[PDB]
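Here's the structure, in structure tokens; my notes come after.
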Protein chains: 4
Amino acid sequence: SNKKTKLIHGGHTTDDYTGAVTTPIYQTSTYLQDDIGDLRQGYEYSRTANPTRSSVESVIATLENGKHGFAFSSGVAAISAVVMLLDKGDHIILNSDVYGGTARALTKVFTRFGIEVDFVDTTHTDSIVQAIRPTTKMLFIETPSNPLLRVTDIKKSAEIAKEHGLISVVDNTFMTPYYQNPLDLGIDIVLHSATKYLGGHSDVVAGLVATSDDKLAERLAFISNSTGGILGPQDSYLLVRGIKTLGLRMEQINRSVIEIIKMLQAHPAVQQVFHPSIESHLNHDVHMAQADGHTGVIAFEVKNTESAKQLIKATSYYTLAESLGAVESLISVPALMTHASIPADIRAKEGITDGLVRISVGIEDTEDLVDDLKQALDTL
Amino acid sequence: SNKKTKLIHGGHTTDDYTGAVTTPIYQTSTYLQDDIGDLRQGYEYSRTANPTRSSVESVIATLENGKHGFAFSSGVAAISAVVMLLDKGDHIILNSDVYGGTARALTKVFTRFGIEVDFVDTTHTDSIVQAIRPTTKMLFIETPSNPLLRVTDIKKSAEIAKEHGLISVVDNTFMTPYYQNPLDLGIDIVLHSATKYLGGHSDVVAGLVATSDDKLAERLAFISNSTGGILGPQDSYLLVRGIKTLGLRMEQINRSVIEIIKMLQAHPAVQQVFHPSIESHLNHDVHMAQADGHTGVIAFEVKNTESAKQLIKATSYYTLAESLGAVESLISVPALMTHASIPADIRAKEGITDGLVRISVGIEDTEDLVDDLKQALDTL
Amino acid sequence: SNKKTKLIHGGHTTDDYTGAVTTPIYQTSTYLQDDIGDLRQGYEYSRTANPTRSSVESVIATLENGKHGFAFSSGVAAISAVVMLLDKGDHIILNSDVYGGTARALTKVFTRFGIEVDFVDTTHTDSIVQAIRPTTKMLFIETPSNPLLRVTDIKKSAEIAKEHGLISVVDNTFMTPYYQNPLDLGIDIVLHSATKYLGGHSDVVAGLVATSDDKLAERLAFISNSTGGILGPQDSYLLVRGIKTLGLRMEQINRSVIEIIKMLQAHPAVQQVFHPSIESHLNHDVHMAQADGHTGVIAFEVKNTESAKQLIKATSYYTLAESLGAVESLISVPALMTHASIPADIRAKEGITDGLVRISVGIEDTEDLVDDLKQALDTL
Amino acid sequence: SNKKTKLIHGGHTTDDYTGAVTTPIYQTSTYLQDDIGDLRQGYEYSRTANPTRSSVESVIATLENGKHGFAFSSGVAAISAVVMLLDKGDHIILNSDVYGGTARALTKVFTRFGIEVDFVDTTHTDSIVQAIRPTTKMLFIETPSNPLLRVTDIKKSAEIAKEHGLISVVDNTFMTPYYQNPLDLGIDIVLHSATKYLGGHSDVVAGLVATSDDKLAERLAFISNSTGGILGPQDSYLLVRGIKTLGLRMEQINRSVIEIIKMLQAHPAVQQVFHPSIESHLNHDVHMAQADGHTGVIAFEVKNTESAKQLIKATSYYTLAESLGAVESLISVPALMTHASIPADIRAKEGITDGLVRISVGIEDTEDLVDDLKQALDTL
Ligand code: NA
Ligand code: NA
Ligand code: NA
Ligand code: NA
Ligand code: NA
Ligand code: NA
Ligand code: NA
Ligand code: NA
């Protein structure tokens, strides 16, 4: 019925054979055949299918109201699988500030295979309509984006994509299936870095893909079986286990996000704050129309580089590390850690100022996270 | 010094920190930074590098006398990584009977990205010289091949490749590093389905790549980090553990192979036998010059389909399943299980007769495997 | 600072060496010594100590405000370890309705070693004072108990134990460290079946023990090293990971418990309800004085056996299985599943009527659990 | 049929449900019941039984020609389980130089429960007959023993035990089921530290017990379920996997043992050598009559402490660590590492001289182990 219930009882995460209430870990590569071609339960070679991976795939399919799930060895492997639906000469539109790893994959790997890529500001959907070429076959959207959390209208992107015969894809990592279901809004394919919120415990690198399209599912399965970026059984198990608490975690993260944003907007040592919950944020109405909660990623400006470094070292409960979506709260400085190769004045142009801090809110006590960040800001 | 010693003491498979005599399993995605950019031991994000994966990579690099190792989520992911060294318009030569999954990847995935592929009979190396085009950039060789175990001269293929500016690649799965070291013979890149002999226990799907070329290594690392077909830490650990016994396993397998081949050549219900140890086999001299042992895969002809099915069901110690390189002995019928989509008369043309049986010799008692197969053959 | 924060940042659950933000899994048995007696980081043999087990032990010690943690292969192994602090001729007081496995261990195993055991109603602490013999050395208390949730005054039990020179022990499984800290109230030793709430995901059988007493800790360590009921590294890792969400899980469980109890008290097909939150419950004041939340175990009477079976099969979100403390809600009938060997009229005497149902509330949506149970009750 | 075959095909180590050729890892604690009391495949709570543990138990039972297997969290937990077959006032005979952990368990833990223990020189079996008291109920034998490898006649010990109504137990760790089967010679119970050869890779701490006695099996199962020293599923899986190569490993170890002993007997810097293969060894005939191979543990005298330390640091392929039975060769000095608490002159009395070195032969190349040890000895 309701979401927290569905997280527990949706999908196939028990053992039909023994009744084990958790998915068995099939640390195995091949399977007995009773006769040539007779598969006991459909399995014959773990790259093609493995029952633990199948359990996690059924989970992501159920949670996104899709029909088919796919588990890859990482988020970028999921993305490469999806991009491989295209041929040389095909063209793909991506939102202009898409994830750095996504941009790198497209422009430094797939353009060598004749995939053409255009980055557009999808915050106005007519931008998409202008960028459509006769060779465009895919529209690829993150919402909200990193690290400034730009929101893209998912439903309109889906309509545009259908009208022009495009495969629509949403990287739903930041929102998770708990808050935003792109397939329900007409999108062809939804994907996730399960490395982040879904696994939720910073201990699995994994990607997940869901679709309701039988033909797209068949092509994805062919690509996964032929290029082989499959998730292993132990990581699939840890993913299923982590997803059990997704709702509780995201709701705690959201309570802290609201309180932390109040604090940041009030504080003198903080200028601009980037988050879709702020009513002045571009397309705040749109986000509210397509999601019923918020991501735990916030960005905000302090004065300069050394204020940011001071902030990092003054906090007791914000940890300096890569990734987002941990049980710990994480802090980072994009201009030094993710956008450092970009020349400084294009960084400034894009809003990636030297004092832009990104935090990924964890599940610590709300008041502790507010107080710790505020006392650290008070030293600036 | 000697090979069985090197299998135990070569590579980094202990913990410098605690002294643990086995590699710790780093079931983790990200890493604390003491300062922005200060990595404690070089780690920052598990897709880029993970210390358990690093342990297995150092093992494959050491065992092939290379400098750089790479661990992928499967053999075909290793192969796709290597093929992605090429650009649209580039051309690759493969041996004509290359692994079905390899052929499928190249002709149904990578040709859509403008990679051109030509299959040649590399058992005569001048075939390679004839097939070279101005656009050829890669030469890809399995030796010996599946399921008829054709041998290709590795050293001459390396010389040819160097003279024409080609990246040379050997799929060394069937021989393993214990018996055949392509990098020692001038090959640029060696790869493995570690799913088979290296893991050795039918419980990991994985690929491994080694090279001595710094620039090729840098490009492989970039491709692995951007397309993300990485092996997880638990599977890397199981790989290291399985490789410990590789020498003992391969030597037992070889003792049984010699005895089983004597039996098969003597038996009336058996026609042709395919294995590089037979002195009448094409390029037997070449194989002996480039390897100091044998693969555990044998193929042999019985009369027809139902003799093969009878054989399978009469044996007590040969198991009907996909894959090769298990501790169990495995039996299969290519014409029904791996070449069934090919029309019957091209199957016959290629030697894939309806009675061609393939066995992958395991580590059971030699006399038991000889006796069990012979008594099963005696029922034909 | 606050509890949800302490769950994330308390204890040692990162890797000092690589910075890995999760505890490495040391799947290892022994450790290199640089010189005879020189242990690099204190490890020499995994039974004596293993760094993953050490991580989980530091977690349980921190969460109970103790000094020493111990991880055993199960709850009953923790209990046997603690009972082995005694010698033949020593006497132990346990609360009269203690866990069936505990009772069985004491009366069918340890009495054969000359341990004498007396069961008393500890809901009145003067019962303890009456039962003290000159040979009594241990007082062992669960609060609240299974399946009728009797509450025992922990602080008074501690005072009594200190005055008469007894080792006081509390089985704190049902409350978890999130809600009840016996060591803070003077108890010598606190233990847990981490199989239940702490692991929280029905995928680890494990026990945990914490103490602040150096001498008791030394004796426990000696017993653990000599009788060897240690938890393995993979299970220790899964325990640490599960404990991360303990607070969020228990708080969701508590919201549903309050609402479900309102429903049960209102429903006509339900007679008595057993839970310490009910103000009419014996020692409700005491529980509130020693805990700041509630267990997720509830018991309640329906009419008879077949009403209970009907109830079980009418619910969609209550699962029929052993154990408690899962993410799923669990349902059971003690008179058939845990007290079936007791004659029927002593069952009735004790309150274990044929219609007594026990539910362990999970983390599903509150309204779904209320509605599902109520609609199932409405069919009676 | 033959032993290497039985290691691969004996026991239940595949999945009946999916056909998976390796045992699934049931990382689970409890199991769905279709009706109260209806267990789908006999499982209801993982402490009582877990299907991965059941797989390893069936393996040890098959390999020792027993009927019932039991897997414990360590060797000493197996031993404590077996000792708990006794009651206060019962008396147990152990061989005089039994494992230090065994001696410590008996004399410092179980004597506090009224178990009486007598150490006798079982190398003459009439010693056993002299030590029998009216209260003796158990006879516990290691053969060969640590670190001087004394041999005890197993068959005569069994006859003696049966005639006087004693439960006979053999710690068969050093020989493994591959070479010595005590149950075949009349022994009631056989046990193993699977931490050593059976797991074989220094990455599992575990114990295994096998018996053919239904009543003893029922009592062991009751003790295991009530005191809870169970092996977890991941460790059970790693045990099954390690046992696959037991025969190949032990045979390599034995080839190196023979050659190393020739070297040691010839070398001037080496005095006495302790190993049952030497024809001058006490009860060499007896060992040959009850085993068809040898343990990989050897002890030998060098001059003094600093010759032993020099030896350790001169070898390249002998590793300084606790335990025995690794793939690596291990070296140790009992007088400093296992017998250091014993006063020096009783050490000398027992033969534990300051220059007594113990090596556990691994699976490195034979000639490398001979040459490395000899060149290290040549520096003395
Ligand atoms: Na939505
Ligand atoms: Na649709
Ligand atoms: Na070679
Ligand atoms: Na070279
Ligand atoms: Na408390
Ligand atoms: Na105290
Ligand atoms: Na024997
Ligand atoms: Na017998």
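We name chains A, B, ... following the order of the structure tokens; residues begin at 1 in each chain, and ligands are numbered from 1 as shown.
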Can you tell me which residues come within 6 Å of ligand 7 when counting only C-alpha atoms and all ligand atoms, ideally as an NGL selection string?
:D and (180-182 or 290-291)
Dump as an mmCIF file, in the first residue's frame, selection limited to N, CA and C atoms:
```cif
data_model
loop_
_atom_site.group_PDB
_atom_site.id
_atom_site.type_symbol
_atom_site.label_atom_id
_atom_site.label_comp_id
_atom_site.auth_asym_id
_atom_site.auth_seq_id
_atom_site.Cartn_x
_atom_site.Cartn_y
_atom_site.Cartn_z
ATOM 1 N N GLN D 180 43.588 -40.039 7.339
ATOM 2 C CA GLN D 180 43.347 -40.748 8.590
ATOM 3 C C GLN D 180 41.875 -40.604 8.928
ATOM 4 N N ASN D 181 41.182 -41.728 9.118
ATOM 5 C CA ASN D 181 39.743 -41.728 9.384
ATOM 6 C C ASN D 181 39.479 -42.454 10.694
ATOM 7 N N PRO D 182 39.507 -41.740 11.820
ATOM 8 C CA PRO D 182 39.329 -42.415 13.112
ATOM 9 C C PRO D 182 38.012 -43.162 13.237
ATOM 10 N N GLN D 290 47.643 -46.817 10.459
ATOM 11 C CA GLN D 290 46.366 -46.122 10.603
ATOM 12 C C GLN D 290 46.215 -44.903 9.691
ATOM 13 N N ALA D 291 47.236 -44.555 8.921
ATOM 14 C CA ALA D 291 47.169 -43.429 8.006
ATOM 15 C C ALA D 291 47.885 -43.814 6.725
#
```
Hey, which residues come within 12 Å of ligand 3 if we count only C-alpha atoms and all ligand atoms? Could you give them as number ranges by chain?
B: 63-65, 143, 153-155, 170, 172, 175-187, 190, 286-294
Go ahead and dump the residues you just picked, C-alpha atoms, as a PDB file, in the first residue's frame.
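See selection34.pdb below for the written result:
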```
ATOM      1  CA  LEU B  63      51.686 -13.838 -12.778  1.00  0.00           C
ATOM      2  CA  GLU B  64      51.877 -12.611 -16.403  1.00  0.00           C
ATOM      3  CA  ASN B  65      55.175 -10.682 -15.868  1.00  0.00           C
ATOM      4  CA  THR B 143      45.215 -19.897 -28.358  1.00  0.00           C
ATOM      5  CA  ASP B 153      51.844 -18.797 -33.038  1.00  0.00           C
ATOM      6  CA  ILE B 154      51.939 -16.089 -30.366  1.00  0.00           C
ATOM      7  CA  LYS B 155      55.506 -14.880 -30.926  1.00  0.00           C
ATOM      8  CA  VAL B 170      45.867 -12.613 -26.325  1.00  0.00           C
ATOM      9  CA  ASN B 172      44.979 -16.554 -22.405  1.00  0.00           C
ATOM     10  CA  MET B 175      46.171 -21.883 -20.804  1.00  0.00           C
ATOM     11  CA  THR B 176      46.272 -19.614 -17.668  1.00  0.00           C
ATOM     12  CA  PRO B 177      49.446 -17.768 -16.574  1.00  0.00           C
ATOM     13  CA  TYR B 178      50.714 -21.045 -15.146  1.00  0.00           C
ATOM     14  CA  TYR B 179      51.533 -22.437 -18.622  1.00  0.00           C
ATOM     15  CA  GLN B 180      51.625 -19.575 -21.154  1.00  0.00           C
ATOM     16  CA  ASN B 181      52.793 -15.962 -20.751  1.00  0.00           C
ATOM     17  CA  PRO B 182      51.959 -13.927 -23.867  1.00  0.00           C
ATOM     18  CA  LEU B 183      53.589 -10.748 -22.537  1.00  0.00           C
ATOM     19  CA  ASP B 184      56.919 -12.604 -22.398  1.00  0.00           C
ATOM     20  CA  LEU B 185      56.555 -13.222 -26.141  1.00  0.00           C
ATOM     21  CA  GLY B 186      56.003  -9.585 -27.153  1.00  0.00           C
ATOM     22  CA  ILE B 187      52.218  -9.284 -26.832  1.00  0.00           C
ATOM     23  CA  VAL B 190      46.888 -10.345 -22.117  1.00  0.00           C
ATOM     24  CA  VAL B 286      54.235 -24.232 -31.956  1.00  0.00           C
ATOM     25  CA  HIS B 287      52.178 -24.821 -28.818  1.00  0.00           C
ATOM     26  CA  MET B 288      55.039 -26.709 -27.233  1.00  0.00           C
ATOM     27  CA  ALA B 289      57.353 -23.810 -28.073  1.00  0.00           C
ATOM     28  CA  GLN B 290      55.113 -21.234 -26.362  1.00  0.00           C
ATOM     29  CA  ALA B 291      53.619 -23.180 -23.426  1.00  0.00           C
ATOM     30  CA  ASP B 292      54.923 -25.730 -20.930  1.00  0.00           C
ATOM     31  CA  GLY B 293      51.630 -27.496 -20.289  1.00  0.00           C
ATOM     32  CA  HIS B 294      48.137 -27.978 -21.600  1.00  0.00           C
TER      33      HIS B 294
END
```
Distance limit 8 Å, atoms considered: only C-alpha atoms. Which chain D residues sit that close to chain B? Return them as a list in words.
residues 1, 2, 3, 4, 5, 6, 7, 8, 9, 21, 22, 201, 202, 203, 241, 244, 245, 248, 249, 252, 317, 327, 328, 363, 364, 365 and 368 of chain D
Residue 374 in chain D environment, 8 Å, only C-alpha atoms, sequence neighbours closer than 2 positions dropped, as a ChimeraX atom specification
/D:263-264,267,370-372,376-378
Suppose you want the space between CA of residue 92 in chain C and CA of residue 137 in chain C; what is it in Å?
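Separating CA of residue 92 in chain C from CA of residue 137 in chain C is a distance of 6.1 Å.
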Check the DSSP output for the backbone and give back, as a ChimeraX atom specification, the residues of range 117-306 of chain C in alpha helix (DSSP H).
/C:126-131,154-163,214-227,233-243,246-266,284-290,305-306
Leaving out range 82-87 of chain D and any residue of its chain fewer than 3 positions from it, which residues lie within 9 Å of it when counting only C-alpha atoms, given as a ChimeraX atom specification?
/C:109,111-114 /D:77-79,90-92,106,110,113-115,137-138,169,189,191,209,216,219-220,223
I need the residue nearest residue 13 in chain C from this list: C:136, C:280, C:236, C:332. Use only C-alpha atoms for the distance.
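Using only C-alpha atoms, the shortest distance to residue 13 in chain C belongs to C:236.
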Contacts of residue 71 in chain A within 12 Å, only C-alpha atoms, excl. fewer than 6 positions in-chain, as a PyMOL selection string:
(chain A and resi 47-61+77-79+81+191-195+205-210+220-221+224-225+228-233+235-237+239-240) or (chain B and resi 73+229)
Among the residues of range 233-357 of chain B, find those DSSP assigns to strand (DSSP E) from the backbone and print them as an MDAnalysis selection string.
chainID B and resid 273:274 297:301 318:320 329:332 356:357
Could those selected residues go to a file with N, CA, C and O atoms, as a compact mmCIF listing (two decimals), in the first residue's frame?
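Contents of part.txt, as written:
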```txt
# COMPACT_ATOMS: atom_id res chain seq x y z
N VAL B 273 39.82 -36.69 -32.12
CA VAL B 273 40.09 -36.06 -30.83
C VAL B 273 40.86 -34.77 -31.09
O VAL B 273 41.84 -34.76 -31.84
N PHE B 274 40.41 -33.68 -30.45
CA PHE B 274 41.00 -32.35 -30.63
C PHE B 274 41.67 -31.91 -29.33
O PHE B 274 40.98 -31.67 -28.33
N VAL B 297 40.65 -28.51 -21.55
CA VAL B 297 39.53 -28.65 -22.47
C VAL B 297 39.92 -29.66 -23.54
O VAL B 297 40.98 -29.53 -24.18
N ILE B 298 39.08 -30.67 -23.75
CA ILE B 298 39.24 -31.65 -24.81
C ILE B 298 37.93 -31.72 -25.57
O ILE B 298 36.85 -31.57 -24.98
N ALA B 299 38.01 -31.93 -26.89
CA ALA B 299 36.83 -32.25 -27.68
C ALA B 299 37.07 -33.54 -28.46
O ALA B 299 38.20 -33.86 -28.84
N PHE B 300 35.99 -34.28 -28.66
CA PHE B 300 36.09 -35.54 -29.40
C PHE B 300 34.74 -35.88 -30.01
O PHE B 300 33.69 -35.53 -29.46
N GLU B 301 34.78 -36.59 -31.14
CA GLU B 301 33.58 -36.99 -31.86
C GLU B 301 33.06 -38.36 -31.40
O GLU B 301 33.81 -39.34 -31.40
N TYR B 318 31.10 -36.70 -14.75
CA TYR B 318 31.10 -35.58 -15.68
C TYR B 318 29.75 -34.88 -15.61
O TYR B 318 28.71 -35.51 -15.82
N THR B 319 29.78 -33.59 -15.31
CA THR B 319 28.60 -32.81 -14.98
C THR B 319 28.16 -31.94 -16.16
O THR B 319 28.99 -31.33 -16.84
N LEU B 320 26.85 -31.90 -16.41
CA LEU B 320 26.29 -31.15 -17.52
C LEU B 320 26.01 -29.73 -17.06
O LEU B 320 25.05 -29.48 -16.32
N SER B 329 34.64 -31.98 -13.22
CA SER B 329 34.74 -32.15 -14.66
C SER B 329 33.39 -31.85 -15.31
O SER B 329 32.34 -32.28 -14.82
N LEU B 330 33.43 -31.09 -16.40
CA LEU B 330 32.23 -30.62 -17.07
C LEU B 330 32.14 -31.18 -18.48
O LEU B 330 33.15 -31.35 -19.17
N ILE B 331 30.92 -31.45 -18.93
CA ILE B 331 30.68 -32.04 -20.24
C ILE B 331 29.57 -31.26 -20.93
O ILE B 331 28.65 -30.74 -20.29
N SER B 332 29.67 -31.17 -22.26
CA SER B 332 28.78 -30.33 -23.06
C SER B 332 28.81 -30.78 -24.51
O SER B 332 29.71 -31.50 -24.95
N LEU B 356 30.02 -34.10 -31.56
CA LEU B 356 31.18 -33.49 -30.93
C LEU B 356 30.87 -33.19 -29.47
O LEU B 356 29.95 -32.42 -29.16
N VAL B 357 31.62 -33.81 -28.57
CA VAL B 357 31.51 -33.60 -27.13
C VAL B 357 32.71 -32.77 -26.70
O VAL B 357 33.82 -32.94 -27.23
```
Could you check how far CA of residue 133 in chain D sits from CA of residue 96 in chain D, in Å to one decimal?
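CA of residue 133 in chain D sits 16.8 Å away from CA of residue 96 in chain D.
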Take CA of residue 341 in chain D and CA of residue 100 in chain D and report the distance between them in Å, one decimal.
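Value for the CA of residue 341 in chain D-CA of residue 100 in chain D distance: 11.0 Å.
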Among listed residues C:88, C:124, C:67, C:12, nearest ligand 6 (using only C-alpha atoms and all ligand atoms)
C:67
Tell me, as a ChimeraX atom specification, which residues lie within 9 Å of residue 336 in chain A, counting only C-alpha atoms; anything in the same chain fewer than 5 positions away does not count.
/A:305,341,354 /B:36-37
Restricting the output to N, CA, C and O atoms, write the selected residues as an mmCIF file, in the first residue's frame.
```cif
data_model
loop_
_atom_site.group_PDB
_atom_site.id
_atom_site.type_symbol
_atom_site.label_atom_id
_atom_site.label_comp_id
_atom_site.auth_asym_id
_atom_site.auth_seq_id
_atom_site.Cartn_x
_atom_site.Cartn_y
_atom_site.Cartn_z
ATOM 1 N N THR A 305 37.971 30.233 -0.527
ATOM 2 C CA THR A 305 38.550 28.911 -0.323
ATOM 3 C C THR A 305 38.870 28.650 1.143
ATOM 4 O O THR A 305 38.555 27.576 1.682
ATOM 5 N N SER A 341 39.665 20.882 -12.750
ATOM 6 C CA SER A 341 40.307 20.955 -14.056
ATOM 7 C C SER A 341 39.752 22.089 -14.899
ATOM 8 O O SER A 341 40.421 22.529 -15.838
ATOM 9 N N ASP A 354 34.838 29.660 -5.423
ATOM 10 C CA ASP A 354 35.805 28.989 -4.554
ATOM 11 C C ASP A 354 35.232 28.676 -3.174
ATOM 12 O O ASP A 354 35.720 27.762 -2.508
ATOM 13 N N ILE B 36 41.737 18.201 1.774
ATOM 14 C CA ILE B 36 41.293 18.155 0.383
ATOM 15 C C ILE B 36 42.475 17.766 -0.495
ATOM 16 O O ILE B 36 43.445 18.524 -0.620
ATOM 17 N N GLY B 37 42.416 16.563 -1.074
ATOM 18 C CA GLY B 37 43.450 16.060 -1.956
ATOM 19 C C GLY B 37 44.446 15.117 -1.314
ATOM 20 O O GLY B 37 45.227 14.482 -2.039
#
```
Taking into account only C-alpha atoms and all ligand atoms, which residue in the set A:161, A:98, A:129, A:76 is nearest to ligand 2?
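Checking each of A:161, A:98, A:129, A:76 against ligand 2, counting only C-alpha atoms and all ligand atoms, the winner is A:161.
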Could you pull the residues within 8 Å of residue 188 in chain B, counting only C-alpha atoms, minus those fewer than 3 positions along the same chain, as number ranges by chain?
B: 158, 167-169, 183, 211-213
Serialized selection, N, CA, C and O atoms, as a tab-separated table (two decimals), in the first residue's frame:
```tsv
chain	number	residue	atom	x	y	z
B	158	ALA	N	52.99	-11.49	-32.44
B	158	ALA	CA	53.53	-10.30	-31.80
B	158	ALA	C	54.43	-9.53	-32.75
B	158	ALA	O	54.35	-8.30	-32.85
B	167	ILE	N	48.10	-3.00	-31.82
B	167	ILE	CA	48.00	-3.50	-30.45
B	167	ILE	C	47.69	-5.00	-30.52
B	167	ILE	O	46.65	-5.40	-31.04
B	168	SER	N	48.60	-5.82	-30.00
B	168	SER	CA	48.36	-7.26	-29.92
B	168	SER	C	47.75	-7.65	-28.58
B	168	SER	O	48.19	-7.17	-27.52
B	169	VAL	N	46.75	-8.52	-28.63
B	169	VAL	CA	45.98	-8.98	-27.48
B	169	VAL	C	45.88	-10.50	-27.54
B	169	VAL	O	45.58	-11.06	-28.61
B	183	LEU	N	52.80	-11.97	-22.62
B	183	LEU	CA	53.59	-10.75	-22.54
B	183	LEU	C	55.07	-11.04	-22.70
B	183	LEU	O	55.81	-10.22	-23.24
B	211	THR	N	49.19	-5.79	-18.59
B	211	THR	CA	50.05	-5.20	-19.62
B	211	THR	C	51.33	-4.68	-18.99
B	211	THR	O	51.40	-4.43	-17.78
B	212	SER	N	52.36	-4.51	-19.83
B	212	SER	CA	53.60	-3.84	-19.45
B	212	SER	C	53.71	-2.45	-20.06
B	212	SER	O	54.70	-1.76	-19.82
B	213	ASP	N	52.72	-2.04	-20.83
B	213	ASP	CA	52.76	-0.78	-21.56
B	213	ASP	C	52.11	0.31	-20.72
B	213	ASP	O	50.90	0.27	-20.48
```
